[PDB]
file work-v9.txt (compact mmCIF, C-alpha atoms)
# COMPACT_ATOMS: atom_id res chain seq x y z
CA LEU A 1 65.02 -234.55 221.86
CA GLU A 2 65.33 -235.45 225.57
CA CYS A 3 67.69 -233.58 227.97
CA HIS A 4 68.49 -233.52 231.74
CA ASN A 5 67.30 -230.47 233.75
CA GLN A 6 68.81 -230.67 237.24
CA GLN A 7 70.11 -227.54 239.00
CA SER A 8 73.42 -227.33 240.80
CA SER A 9 73.01 -230.03 243.49
CA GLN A 10 69.54 -231.56 243.23
CA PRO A 11 69.21 -235.32 242.35
CA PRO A 12 68.52 -236.24 238.63
CA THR A 13 65.31 -235.42 236.63
CA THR A 14 64.80 -235.09 232.74
CA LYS A 15 62.14 -233.60 230.31
CA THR A 16 61.20 -234.18 226.62
CA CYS A 17 60.77 -231.41 223.91
CA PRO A 18 59.83 -232.99 220.48
CA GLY A 19 60.07 -230.09 218.11
CA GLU A 20 63.50 -228.77 218.99
CA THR A 21 66.70 -230.59 218.15
CA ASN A 22 69.23 -228.95 220.60
CA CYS A 23 69.83 -228.55 224.38
CA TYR A 24 71.63 -225.58 226.29
CA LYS A 25 73.88 -224.61 229.32
CA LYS A 26 73.97 -221.08 231.03
CA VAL A 27 76.54 -219.68 233.64
CA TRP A 28 76.71 -216.19 235.34
CA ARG A 29 78.66 -214.40 238.22
CA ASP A 30 77.71 -211.61 240.66
CA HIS A 31 79.35 -210.07 243.75
CA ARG A 32 78.26 -212.70 246.16
CA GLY A 33 79.00 -215.85 244.15
CA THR A 34 78.19 -217.56 240.79
CA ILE A 35 75.55 -220.21 239.70
CA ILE A 36 74.95 -222.59 236.65
CA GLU A 37 71.60 -224.01 235.18
CA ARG A 38 70.57 -226.51 232.29
CA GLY A 39 67.63 -226.47 229.69
CA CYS A 40 66.03 -227.38 226.18
CA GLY A 41 66.52 -225.08 223.13
CA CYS A 42 69.41 -222.59 222.37
CA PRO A 43 68.45 -218.83 223.23
CA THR A 44 70.33 -215.48 222.79
CA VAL A 45 73.34 -214.23 224.89
CA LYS A 46 74.02 -210.77 226.54
CA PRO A 47 77.26 -209.17 227.89
CA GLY A 48 78.16 -210.45 231.30
CA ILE A 49 76.48 -213.81 230.89
CA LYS A 50 78.09 -216.88 229.17
CA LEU A 51 76.04 -219.57 227.22
CA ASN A 52 76.91 -222.86 225.26
CA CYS A 53 74.75 -225.38 223.15
CA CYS A 54 75.05 -229.08 221.94
CA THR A 55 73.24 -231.40 219.46
CA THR A 56 74.07 -234.91 220.66
CA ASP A 57 72.20 -236.50 223.54
CA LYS A 58 73.34 -236.72 227.16
CA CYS A 59 75.93 -234.02 226.53
CA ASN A 60 75.02 -231.87 229.47
CA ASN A 61 75.38 -234.72 231.88

call {"tool": "encode", "arguments": {"input": "work-v9.txt", "output": "structure tokens"}}
result
Amino acid sequence: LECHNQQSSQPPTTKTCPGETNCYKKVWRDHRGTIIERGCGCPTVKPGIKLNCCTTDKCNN
């Protein structure tokens, strides 16, 4: 599938992963602030972190 992989404020870039069929989003908070990041695949979650996944393209625009 093909997905976008830019972080918080950088200009647009993308990558290709033929073998997987889904893309993912991750979000987390700490004492000083919070951050968000994008990727290929759909990994496990843990308490304190939040995660989400999609199957259509250009979902995590």

call {"tool": "residues_around", "arguments": {"input": "work-v9.txt", "residues": "residue 60 in chain A", "least_positions_apart": "5", "cutoff": "9 Å", "atoms": "all atoms listed in the file", "output": "PyMOL selection string"}}
result
chain A and resi 3-5+23-25+38+54

call {"tool": "write_last_selection", "arguments": {"input": "work-v9.txt", "atoms": "C-alpha atoms", "output": "PDB file, in the coordinates of the input"}}
result
ATOM      1  CA  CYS A   3      67.690-233.580 227.970  1.00  0.00           C
ATOM      2  CA  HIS A   4      68.490-233.520 231.740  1.00  0.00           C
ATOM      3  CA  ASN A   5      67.300-230.470 233.750  1.00  0.00           C
ATOM      4  CA  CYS A  23      69.830-228.550 224.380  1.00  0.00           C
ATOM      5  CA  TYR A  24      71.630-225.580 226.290  1.00  0.00           C
ATOM      6  CA  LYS A  25      73.880-224.610 229.320  1.00  0.00           C
ATOM      7  CA  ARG A  38      70.570-226.510 232.290  1.00  0.00           C
ATOM      8  CA  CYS A  54      75.050-229.080 221.940  1.00  0.00           C
TER       9      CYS A  54
END

call {"tool": "atom_distance", "arguments": {"input": "work-v9.txt", "atom1": "CA of residue 22 in chain A", "atom2": "CA of residue 7 in chain A"}}
result
18.5 Å

call {"tool": "closest_residue", "arguments": {"input": "work-v9.txt", "among": "A:30, A:39, A:13, A:52", "to": "residue 1 in chain A", "atoms": "all atoms listed in the file"}}
result
A:39

call {"tool": "atom_distance", "arguments": {"input": "work-v9.txt", "atom1": "CA of residue 43 in chain A", "atom2": "CA of residue 11 in chain A"}}
result
25.3 Å

call {"tool": "closest_residue", "arguments": {"input": "work-v9.txt", "among": "A:53, A:20, A:26, A:36", "to": "residue 8 in chain A", "atoms": "all atoms listed in the file"}}
result
A:36

call {"tool": "closest_residue", "arguments": {"input": "work-v9.txt", "among": "A:40, A:34, A:27, A:12", "to": "residue 61 in chain A", "atoms": "all atoms listed in the file"}}
result
A:12

call {"tool": "atom_distance", "arguments": {"input": "work-v9.txt", "atom1": "CA of residue 29 in chain A", "atom2": "CA of residue 49 in chain A"}}
result
7.7 Å
